[PDB]
């Protein structure tokens, strides 16, 4: 009867939004900044029903403030993830909403065969927990790959339609979601490893 725990998702969110790593204490404990794949409200995000939580820069808050004031109330609890019994299922659903907003509810609702109304009610939660956790995680993972590829293909199409010709690779990396796709997919793959 173990429930998913938001605390286990937090390090993953912080890792990729911040790009920080810390030296251990006896080396001086320096915070070092490197590869960053920040997705908060950035990945084809639909803000409808998100509560309008914003901060100037997540990197300037404590871990506890990110957890208690942003991630748990507005994202984790939006999936009622305290009632999701599979940690990995909760992780991948909540992270989808973190990056993409309402899409991270409505697409899973379609996968689950429940009304895709963007509200996680009892029927949606029942469907999540009734599913085999491994099967459901993989189906969500398939759909998240599909989503990232789809918003990238559409971004490329919009741009090429606008310029009236095929874009160069340089143009696509400057002007479209192709810029972000590698990082988005790599960050997604990393969620399997929690």
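Positions refer to the first chain, counted from 1.
- Stretches 95 to 103 and 110 to 118 differ in mean C-alpha B factor, with the higher average recorded for 110 to 118.
- Taking only CA atoms, the mean B-factor in the PDB entry is higher for 19 to 27 than for the other of 19 to 27 and 172 to 180.
- Residues shown: 39, 139, 130, 32. Highest C-alpha temperature factor in the entry: 32.
- In this structure the maximum Cα B-factor among 43, 156, 163, 143 is found at 163.
- Sort the chain's modelled residues by C-alpha temperature factor and residue 150 lands in the lowest third, per the entry.
- Among all modelled residues in its chain, residue 6 ranks in the middle third by Cα B-factor.
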